[PDB]
Amino acid sequence: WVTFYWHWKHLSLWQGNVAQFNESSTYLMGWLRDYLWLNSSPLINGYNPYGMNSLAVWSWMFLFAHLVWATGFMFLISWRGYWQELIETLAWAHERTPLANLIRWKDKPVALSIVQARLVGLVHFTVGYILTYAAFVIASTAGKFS
Amino acid sequence: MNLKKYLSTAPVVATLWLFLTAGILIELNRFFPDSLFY
Amino acid sequence: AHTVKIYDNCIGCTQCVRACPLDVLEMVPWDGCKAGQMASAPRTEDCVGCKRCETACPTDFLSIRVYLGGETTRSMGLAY
Amino acid sequence: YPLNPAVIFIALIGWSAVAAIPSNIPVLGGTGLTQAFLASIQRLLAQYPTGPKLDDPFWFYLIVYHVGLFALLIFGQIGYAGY
Amino acid sequence: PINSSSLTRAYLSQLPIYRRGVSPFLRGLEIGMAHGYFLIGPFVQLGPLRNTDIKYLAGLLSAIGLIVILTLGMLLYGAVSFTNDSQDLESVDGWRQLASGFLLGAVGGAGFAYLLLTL
Amino acid sequence: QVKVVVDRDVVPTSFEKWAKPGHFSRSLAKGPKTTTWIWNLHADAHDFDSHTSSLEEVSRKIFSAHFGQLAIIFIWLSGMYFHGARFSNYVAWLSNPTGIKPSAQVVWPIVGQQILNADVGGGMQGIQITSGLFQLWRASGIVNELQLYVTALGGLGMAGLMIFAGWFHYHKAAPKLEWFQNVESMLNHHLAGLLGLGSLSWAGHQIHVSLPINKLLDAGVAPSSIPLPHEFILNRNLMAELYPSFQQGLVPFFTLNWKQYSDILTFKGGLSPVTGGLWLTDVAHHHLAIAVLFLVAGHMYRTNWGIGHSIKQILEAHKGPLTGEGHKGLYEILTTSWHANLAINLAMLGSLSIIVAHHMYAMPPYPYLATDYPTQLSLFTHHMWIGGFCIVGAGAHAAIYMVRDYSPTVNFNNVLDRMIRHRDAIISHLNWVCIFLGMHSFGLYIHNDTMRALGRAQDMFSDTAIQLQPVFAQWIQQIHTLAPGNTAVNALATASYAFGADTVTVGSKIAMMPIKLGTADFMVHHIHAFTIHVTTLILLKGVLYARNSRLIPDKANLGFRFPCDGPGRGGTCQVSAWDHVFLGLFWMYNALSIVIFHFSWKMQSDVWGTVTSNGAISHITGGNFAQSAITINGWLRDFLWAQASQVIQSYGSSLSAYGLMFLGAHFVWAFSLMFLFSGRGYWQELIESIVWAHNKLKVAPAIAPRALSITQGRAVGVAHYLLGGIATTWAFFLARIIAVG
Amino acid sequence: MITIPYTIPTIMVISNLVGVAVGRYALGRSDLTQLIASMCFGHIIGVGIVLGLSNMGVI
Amino acid sequence: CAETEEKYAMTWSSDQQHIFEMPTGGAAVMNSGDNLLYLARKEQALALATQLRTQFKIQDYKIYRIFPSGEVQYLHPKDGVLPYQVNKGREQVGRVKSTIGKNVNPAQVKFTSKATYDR
Ligand code: CLA
Ligand code: CLA
Ligand code: CLA
Ligand code: CLA
Ligand SMILES: CC1=C(/C=C/C(C)=C/C=C/C(C)=C/C=C/C=C(C)/C=C/C=C(C)/C=C/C2=C(C)CCCC2(C)C)C(C)(C)CCC1
Ligand SMILES: CC1=C(C/C=C(\C)CCC[C@H](C)CCC[C@H](C)CCCC(C)C)C(=O)c2ccccc2C1=O
Ligand SMILES: CC1=C(C/C=C(\C)CCC[C@H](C)CCC[C@H](C)CCCC(C)C)C(=O)c2ccccc2C1=O
Ligand code: SF4
Ligand code: SF4
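Residues numbered from 1 in each chain as written, not as in the entry; some residues may be left out. Chains lettered and ligands numbered in written order. Part of a larger assembly, values for the part shown. Heavy atoms only, no water.

**What to know about the overall build of chain G**
At step 1: Helix and strand counts for chain G stand at 2 helices and 0 strands.
At step 2: Its C-alpha atoms put chain G at 35 × 25 × 15 Å along the principal axes.
At step 3: Relative to its full complement of 59 residues, chain G shows a buried share of 25%.
At step 4: Summed over its atoms, the accessible surface of chain G is roughly 4,100 Å², and 76% of this surface lies on carbon and sulfur atoms. (Helix = DSSP H or I, 4+ residues; strand = E, 2+ residues; numbered from the N terminus. Buried < 20%, exposed > 50% of the residue type's maximum accessible area, 1.4 Å probe, protein only. Areas by Shrake-Rupley, 256 points an atom, 1.4 Å probe, with all protein chains shown as cover.)

Written out as structure tokens, the structure is:
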């Protein structure tokens, strides 16, 4: 909220229309309309079925970062004992099959412990969050300018 | 006899009361709409 | 191994042993309570550490405490 | 478990001859159900890369032939349940 | 139980591992003789250089590019696992002969498919 | 044998046990020493198979509760007919359906919200219907408001018969278990009596009400010169002019001269290009086919006369060699446990509801249904989501049967537990299919995403790039083009216009266009195969590992809604058969979110839209699918960003409530996450640190304020994830297409 | 429906007679429900024959 | 597997051919006289002990812990006695002098290889 607020304050100063902020920031569709829906337009046009431009990195990264962020939810929402009894199906299927029961593990396959799992879901939440917003700051201001 | 004891439970009193205060606000906002003063 | 330690709140009501699905805990005759019983945990090498004991431990606060220690083959409880 | 894998070919006469002589004209096959396929495989058999999705008498009489042929050979293995 | 019958047992028995006795260099040379002939396929028709006359050469450099990585995985797995010296594929020496057989037989499979894409 | 044995005057009808909340469970009538008694009051309120093991008392409770459900459904339908009567513009809508947007609910005039009253024509405003009731009523033949008032009145009357019915069947005439396990008679009366006489009598309604009325409305007569439906039965002379086959009476029926009923009943298919719906001749003929075919279908179960089957002698005869015992046991499984029957009936009910959704977009069965696209949209969408959730209930109640009512004595070597003998080989190949389809259904989107982002659009999976034209769907779709002359011999038009000939334009609005499936639609079908296999992975993992996993070898002892076992085995959080249902609800939201996002964007690019003169074509998005569904930037830009423009700009206008149900449903969505990520070991002594601030001021609550339990504290996270996430797409869909359609 | 020379009732009673011939085989007790069940089945077979003989072919 | 991991061999006797439920899953035949059962891990085995004992009399039962060197152990029973029943032979280990209330703070255990309860 600090950096959405700062960044949407200065996309009103740098554009010039301060009234675009002050009339359309006192409510939430002012934010999701006048800031996220409008300033992601030169982002999400980073590459089209007509071509691409220099923002095609960030518009890629943007999407990439959503895929980071929601993978975090797989570790944050859904906890271990699902996977600890699913790795047993994978290790049953690997042990029982031919042509791969030769290639046996040394470290026994075990689902991630529930401090690590909350931690790795937190790490994908951070990396997805921060890469999404570093995509949107730079692609947004670099799309309205430069 | 025990019907009033059902009408004394938590959700039934909470709906007969929040229905009443909601009626205070809705009937007090038809009669006095756009009340930003006072 | 998960070090299970059984403190002196253990009034010997045996919901720990009847609750543990691993027989790591037994009952020991100990003349310090009214029932004369106090649980013991000799075979903590088999201890999973699922803390199903500490669910059914009706003391004031948890005569039997399961400290999560090392992780061997059996204590990890993997099937293969 | 497969105790009696005796014969397969008895299904073939069991499925071609029950569909050859019934013509049932106004469908894809003005002739019988199998003549409209066996007549329509020899035009394509000698290394022809044709036969697109609009090729009705080949592609349709692939599935509508094999879906009864599979069922009648499976019921041919049910023809070794009474043994 | 089921899918362990004598047709399954006879077919898995004469595979290029479960068969009785081969030198592990040739035992791996049969493995790479299959796989290296195989891996030219999904790089010629679908690779990045599938439109120049390097439809076929990019299959070699890409496929052998996989092959040296796969032998690197072979040598890692025989480095970490298979600590004993029972002289077969469960050893170190037999496994590195299996890996060298996979490398020479696999590059031989790649060049064989490359020269058989001439026709 | 078959007889009716009913206890009379079973339970007294006093209000006494209402004064004892939690009277029902002996584990719960202790009184609340904590607030978790409150919530467990509600989660145990319908554990009818967990009050008492006596199946008679359980079965009386449920069978009386069904009439409570039908009481709420008749209150609901009587609500729809009365809101159609008093509040709606239905009589005005019946004049010109393509101009007047349908609306019933007329918002009360308080502060601002009178702006929600959309001026939808008809001389009266109000918020617009997207449920499509008016299209059901024009098909029904309801002419003026009086039949809506009368049918709402009969809806209340049937609601009173269901309240008095369930009251009568729990308290003062309640049946024995011998009445309930009479399942040959239950099928014998539902296959014949419910469904059979329902479709037959409905064919009577359609022939003697809807066919003359929706012939007169197909001619374009205003609903004043139309006589009563009533007035068609007093004399055939008002129907012999419309259909001359009514002049012959029933004499060509009983002489089997059914060629003569070609006027009333026919086999055409297609769509009537005047009304944009099905031909009601085809629909009435159709319900006669369900009528004779279901009434024949009812009589395969021997009840009293030694004529018919029993389920036992059917199931025991399928003693196939790869299963060994065969189905020996399932008639004792499915006539003792109710959760098993609930698993089957919820699975087939939900999948029937999805079948309902598909058969309502592609064969629009109501007149002027495909001309107002929101009713065309949301009736697809809504029957998907109950079409979805009812599948997960299968995965719930097949799990519960495996936990609660499973019994290895009756269930020994049969078809059931021989699955559980190789459930590793079940779940492992679901695991392989999920990863194979995930790579080959989503890695294609990352691939085309990068190839469009790397500039090399030749290396994509587009039309022009590496094509992935769905061969089988185009082929069998072409078989359906070649249906009505070749194989459906007595047909005239195709089964749908989602298959074959040129499109249907009704009032410059496209009813149904032949859907082309090329190389993007392929990959979305592999999405759907993928996210169907993942929910099948979680909901078969939740049934096969419901009872004795190799991780935790006693889940039957722990229960169904247990949270976990503990930190042992490295942690076994979220391991119960309930928890797989918890995950199947998220994947339900995924799988159906992309079913409807596949729908509402391929059918805004390839079907819907308007037409101009000389047969020209104009979709809503304008053909912008196959060049844009192949990536995700094309997906998120061209659909979730571009289609938001009529939701997000909706303030000040009549769609603005959706603009409130768009933001707030984001809220609830994100408000779910607080319950999902955190846990009650935080909230319990956060709360208890607040209980310090109440103990300081003597505002200590007597019911001790615990945090939520774990299974509750995650169940509420699902139940906000779905209300928030579903209501986002709800307000986004209806705010999108009302601004166009 | 005309008399004894060949028409629709000529080819219903033969289907009803072979239907009650099936009722002699399918739990062949001589009770009422042999007739009410099995004449009904041969009645189904009869109606399935009559119009099927009427659609594709001369009656 | 049986080449490197401990297989637990539950042995027991009964009186009638009943039907119990495996911890693998699915029903088992339950030989009436005397029967063994090789299992994977101990919780499965004692979960079968609760599976049988909470149903009916199944006593004189115990797992021999097959460890892959070959010999056996005696789990469960240990002393012809049921574990929550008190025998005067079990010597207690795993206790301290008091409750948690006298455990030392871990800033006293810090930089030492002790535990927070040892006193
Ligand atoms: C999983 C989905 C998927 C698929 C099918 C492809 C497919 C492709 N990508 Mg790719 N890609 C993907 C995901 C995917 N990608 C993702 C997720 C990313 C981003 C992380 C990328 C990033 C990417 C780049 C950057 C590039 C490609 C390129 C390509 C093309 C050539 C790659 C190649 O040589 O294949 C390798 C194939 C193999 C090594 C063969 C293994 C697969 C075989 C066929 C399995 C067979 C098993 C067999 C059936 C077993 C049964 C038989 C047995 C019983 C005997 C090819 C069309 C390149 C290109 O130019 O496109 C034209 C390119 O430059 N991709
Ligand atoms: C042919 C007769 C007949 C008919 C029409 C029905 C119809 C129905 N049964 Mg039912 N049933 C029957 C015979 C019949 N049953 C027999 C013989 C048995 C014993 C084996 C059962 C046992 C049974 C159970 C155990 C349950 C049902 C349920 C249902 C309802 C399903 C919900 C539904 O489809 O909503 C559509 C709703 C309607 C179409 C409304 C129909 C209501 C009208 C008035 C017809 C009802 C006829 C009624 C039986 C007459 C009572 C006779 C009495 C006065 C002597 C539906 C009302 C379920 C339910 O929801 O409970 C109510 C349920 O759980 N039935
Ligand atoms: C966007 C977030 C996200 C993603 C990608 C996944 C992905 C997956 N989940 Mg999932 N999940 C999520 C959120 C997510 N989940 C959430 C929020 C929940 C909460 C309810 C769940 C709950 C859940 C359950 C309960 C289960 C899964 C399962 C799976 C797997 C299904 C198999 C598959 O698709 O393989 C294909 C893999 C992908 C499509 C991921 C993209 C990979 C690309 C295509 C290729 C690789 C990229 C690149 C080449 C990597 C190499 C380069 C790199 C090393 C530098 C898959 C990995 C199932 C499972 O574990 O086994 C099947 C399962 O049972 N999930
Ligand atoms: C001849 C009588 C008849 C007529 C006029 C209709 C007419 C209709 N049905 Mg249909 N239907 C029928 C019989 C009939 N049905 C039977 C007997 C069944 C059960 C098998 C169905 C099952 C059915 C479904 C599931 C659906 C329809 C739908 C429709 C409507 C779509 C328009 C269309 O082209 O459908 C033309 C109809 C057909 C092509 C169906 C032909 C069914 C044949 C007669 C089945 C014969 C069964 C017989 C035992 C032989 C089995 C083997 C056979 C498969 C080779 C239309 C009103 C759809 C709908 O609801 O519209 C929105 C829809 O979803 N019908
Ligand atoms: C689909 C199918 C299948 C599969 C397939 C396959 C099996 C294939 C493969 C194939 C392959 C995979 C092949 C391979 C090839 C190779 C060969 C036959 C050989 C050759 C030789 C070589 C390669 C050589 C090399 C070299 C060189 C060149 C130089 C020097 C070195 C060396 C000597 C190494 C089957 C039949 C099962 C069944 C039916 C269907
Ligand atoms: C998906 C998922 C998994 C599956 C994750 C698997 C087990 C890990 C797969 C990623 C590893 C890194 C793949 C192995 C390949 C590596 C290259 C091998 C070397 C890695 C180490 C040397 C670091 C869990 O174990 C889990 C545990 C607890 C809660 C939620 C979840 C969970 O959501
Ligand atoms: C916030 C949160 C809580 C706290 C939720 C609190 C305890 C419940 C707050 C809602 C209740 C209903 C408020 C009580 C208000 C009463 C209804 C009385 C108020 C008067 C009127 C509204 C009737 C958990 O208990 C929890 C448990 C497990 C995982 C996550 C969480 C979690 O995220
Ligand atoms: S400690 Fe709690 S559980 Fe263990 S014995 Fe004493 S009372 Fe029973
Ligand atoms: S630790 Fe886990 S296993 Fe050992 S006793 Fe306490 S609960 Fe039973």
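**Concerning the environment of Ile594 of chain F**
All names here are of chain F.
At step 1: Within the fold, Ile594 resides in helix 21 (residues 577-602).
At step 2: C-alpha of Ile594 to C-alpha of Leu437: the two residues are 157 residues apart in sequence and 15 Å apart in space.
At step 3: Ignoring anything within four residues of it in the chain, the contact list for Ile594 reads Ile527 and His528. (Contact = heavy atoms within 4.5 Å.)

**Observations regarding the UniProt feature "binding site: [4Fe-4S] cluster 2" in chain C**
Residue and element names in this part refer to chain C.
At step 1: Here, the residues flagged by UniProt with the feature "binding site: [4Fe-4S] cluster 2" are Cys20, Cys47, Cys50 and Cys53. A stretch of 34 residues holds the annotated residues, and the largest C-alpha distance among them is 11.1 Å, short enough that they meet in one place. Checked against the lining of the largest cavity, the annotated residues just named reduce to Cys20, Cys47, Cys50 and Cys53.
At step 2: On the secondary structure map, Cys20 appears in the loop between helix 1 (15-19) and strand 2 (26-29).
At step 3: The topology assignment puts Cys47 in the loop between strand 3 (37-40) and helix 2 (52-55). (UniProt positions renumbered as here; feature names shortened; annotations may be inferred. 1 Å grid on protein atoms, 1.4 Å probe; cavity = no way out; pocket = protein on both sides within 12 Å on 5 of 7 lines; lining within 4 Å.)

**Considering empty space enclosed by the protein**
Residue and element names in this part refer to chain C.
At step 1: For the coordinates displayed, the defined rule picks out 5 cavities of 30 Å³ or more.
At step 2: By volume, the largest cavity amounts to about 120 Å³.
At step 3: If you go around the largest cavity, you meet 14 residues; those closest to its centre are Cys20, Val24, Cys47, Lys51 and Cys53.
At step 4: Broken down by class, the residue content of the lining of the largest cavity amounts to 11 nonpolar, 1 polar and 2 charged.
At step 5: Volume-wise, the second largest cavity comes out at about 80 Å³.
At step 6: The wall of the second largest cavity is formed by 13 residues, among which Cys10, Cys13, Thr14, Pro58 and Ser63 lie closest to the centre.
At step 7: In terms of residue class, the lining of the second largest cavity is built from 8 nonpolar, 5 polar and no charged. (Points joined across faces, edges and corners; volume = space filled by probe spheres on them. Nonpolar A, V, L, I, M, F, W, Y, C, P; charged D, E, K, R; others polar.)

**Some points on the site of ligand 6**
All names here are of chain A.
At step 1: In the region of ligand 6, the neighbouring residues are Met74, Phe75, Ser78, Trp79, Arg80, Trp83, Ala111, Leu112 and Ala117.
At step 2: Measuring from an oxygen atom of ligand 6, one finds a backbone N or O atom of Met74 at 3.0 Å.
At step 3: A distance of 3.0 Å is found between an oxygen atom of ligand 6 and a backbone nitrogen or oxygen belonging to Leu112.
At step 4: Contact with the protein chains hides 41% of the accessible area of ligand 6, taken as 760 Å² for the molecule alone.
At step 5: If you list the elements that add at least two residues to the shell around ligand 6, you get helix 5 (56-76) and helix 6 (80-84).
At step 6: For the shell around ligand 6, the per-class residue count stands at 7 nonpolar, 1 polar and 1 charged. (Near = heavy atom within 4 Å. Polar contact = N/O pair within 3.5 Å; in protein donor to acceptor, adjacent residues only side chain to side chain.)

**A few points about the packing of aromatic side chains**
Aromatic ring pairs are defined here through the distance separating the ring centres and the angle between the ring planes.
At step 1: The full count for this structure, using the stated rule, is 82 aromatic pairs over all chains.
At step 2: Ring centres of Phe37 of chain D and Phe58 of chain D lie 6.0 Å apart, and the angle between their planes is 25 degrees; on these two criteria the pair is classed as stacked. Here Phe37 of chain D is found in helix 2 (residues 35-38), whereas its partner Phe58 of chain D is found in helix 3 (residues 56-77), with 21 residues between them in sequence. An identical accessibility class is assigned to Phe37 of chain D and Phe58 of chain D; each is buried.
At step 3: Ring centres of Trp385 of chain F and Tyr589 of chain F lie 5.7 Å apart, and the angle between their planes is 35 degrees; on these two criteria the pair is classed as tilted. (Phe/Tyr/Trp six-rings, centres within 6.5 Å; stacked < 30°, edge-to-face > 60°.)

**Some points on the UniProt feature "transmembrane region" (unreviewed entry) in chain G**
Residues and elements named next belong to chain G.
At step 1: Under the UniProt annotation, the feature "transmembrane region" (unreviewed entry) is placed at residues 6-26 and 32-53.
At step 2: Structurally, residues 6-26 comprises 76% helix and 0% strand, and the distance from its first C-alpha atom to its last is 30 Å.
At step 3: Taken end to end, residues 32-53 is 100% helix and 0% strand, and its two terminal C-alpha atoms sit 30 Å from one another.

**Overview of the pairing of strand 3 of chain C**
All names here are of chain C.
At step 1: Side-chain alternation along strand 3 places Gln37 and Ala39 on one buried face and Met38 and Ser40 on a second face that is also buried.
At step 2: Judged from the 4 bridges that link them, strand 2 and strand 3 form a sheet pairing that is antiparallel. Directly across from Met27, in strand 3, lies its bridge partner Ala39. (Pairing = 2+ DSSP bridges.)

**Notes on the arrangement of the chains**
At step 1: There are 12 pairs of chains in contact here; the most contacts are made by chains A and F.
At step 2: The two partners chain B and chain C share no contact, and the minimum distance between any of their C-alpha atoms is 31 Å.
At step 3: No interface is formed between chain C and chain E, the nearest pair of C-alpha atoms being 18 Å apart.

**Section: the interface of chain F and chain B**
At step 1: Taken together, the contact between chain F and chain B spans 6 residues of the former and 8 residues of the latter.
At step 2: Taking both partners together, chain F and chain B bury about 630 Å²; carbon and sulfur atoms supply 78% of that area.
At step 3: Across the contact surface, chain F and chain B share 0 salt bridges.
At step 4: For the pair chain F and chain B, the number of links is 0 residue pairs in polar contact.
At step 5: Tallied by class, residues from the side of chain F that touches chain B come to 5 nonpolar, no polar and 1 charged. (Buried area = accessible area lost by both parts, 1.4 Å probe. Salt bridge = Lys/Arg side-chain N within 4 Å of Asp/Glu carboxyl O.)

**Regarding the sheet that holds strand 2 (residues 34-39) of chain H**
Residues and elements named next belong to chain H.
At step 1: In spatial order, the strands read 2-1-3; together these 3 strands make up an open sheet with antiparallel pairing. In this open sheet, the two strands that pair with only one neighbour each are strand 2 and strand 3 (64-66). Mean inter-strand twist for the sheet, computed between neighbouring axes without regard to direction, equals 20 degrees.
At step 2: By the bridge criterion, 3 bridges tie strand 1 (residues 7-13) to strand 3 in an arrangement that is antiparallel. Each bridged residue has a counterpart across the sheet, and for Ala9 the counterpart in strand 3 is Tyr64. (Axes fitted to C-alpha atoms, helices over the stretch in contact; angles between N-to-C directions.)

**Considering the interface of chain A and chain F**
At step 1: Taken together, the contact between chain A and chain F spans 40 residues of the former and 52 residues of the latter.
At step 2: Between chain A and chain F the total buried area reaches about 4,100 Å² when both faces are included, carbon and sulfur atoms providing 71% of it.
At step 3: When residues of chain A are sorted by the area they lose upon contact with chain F, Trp37, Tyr82 and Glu85 of chain A head the list and together hold 18% of the total.
At step 4: The interface formed by chain A and chain F contains 0 salt bridges.
At step 5: Linking chain A with chain F are 13 residue pairs in polar contact.
At step 6: Counting only elements with at least two residues in the side of chain A that touches chain F, the list comes to helix 3 (28-39), helix 4 (41-44), strand 1 (47-48), helix 5, helix 6 and helix 7 (87-96) of chain A.
At step 7: In terms of residue count, the dominant contributor to the side of chain A that touches chain F is helix 5 of chain A (9 residues).
At step 8: Split into classes, the residues belonging to the side of chain A that touches chain F amount to 25 nonpolar, 11 polar and 4 charged.

**Observations concerning the packing of helix 15 (residues 373-403) of chain F against helix 26 (residues 710-738) of chain F**
Residue and element names in this part refer to chain F.
At step 1: Running from amino to carboxyl end, helix 15 crosses helix 26 at an angle of 165 degrees, the nearest separation of the two axes being 9 Å. The pairing of helix 15 with helix 26 is recorded here as roughly antiparallel in orientation. Relative to helix 26, helix 15 is oriented so that their crossing is right-handed. Residue-level inspection shows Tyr373, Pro374, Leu377, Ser378, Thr381, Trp385 and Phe389 of helix 15 in contact with helix 26, the latter providing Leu722, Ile726, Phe733, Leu734, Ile737 and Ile738. (Parallel < 35°, antiparallel > 145°, perpendicular 65-115°, else oblique. Left-handed = near helix turned anticlockwise from the far one by under 90°.)

**Thoughts on helix 7 of chain A**
An α-helical segment advances 3.6 residues per turn. Residues three or four places apart therefore align on the same side.
At step 1: Inspection of helix 7 of chain A places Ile87, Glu88, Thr89, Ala91 and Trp92 of chain A among the buried residues, and these make up the whole buried set.
At step 2: Buried residues belonging to helix 7 of chain A abut helix 6 of chain A together with helix 17 (423-453) and helix 20 (521-544) of chain F.

**A few points about the UniProt feature "binding site: [4Fe-4S] cluster 1" in chain C**
All names here are of chain C.
At step 1: Here, the residues flagged by UniProt with the feature "binding site: [4Fe-4S] cluster 1" are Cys10, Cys13, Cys16 and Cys57. Of the residues just listed, which span 48 residues, no C-alpha pair is farther apart than 9.7 Å, and they cluster in one region. Checked against the lining of the second largest cavity, the annotated residues reduce to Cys10, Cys13, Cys16 and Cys57.
At step 2: Among the structural elements, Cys13 can be located in the loop between strand 1 (3-6) and helix 1.
At step 3: Counting through the fold element by element, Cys57 comes out in the loop between helix 2 and strand 4 (64-67).
At step 4: A residue is classified by how much of its surface remains accessible, and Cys57, at 10% relative accessible area, is buried.
At step 5: Setting aside residues no more than four positions away along its own chain, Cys57 makes contact with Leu62, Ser63 and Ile64.

**Remarks on the environment of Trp338 of chain F**
At step 1: Its place among the elements puts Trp338 of chain F in helix 14 (residues 338-361).
At step 2: Not counting the four nearest positions on each side in its chain, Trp338 of chain F is found in contact with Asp49, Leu55, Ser59, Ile62 and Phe180 of chain F.

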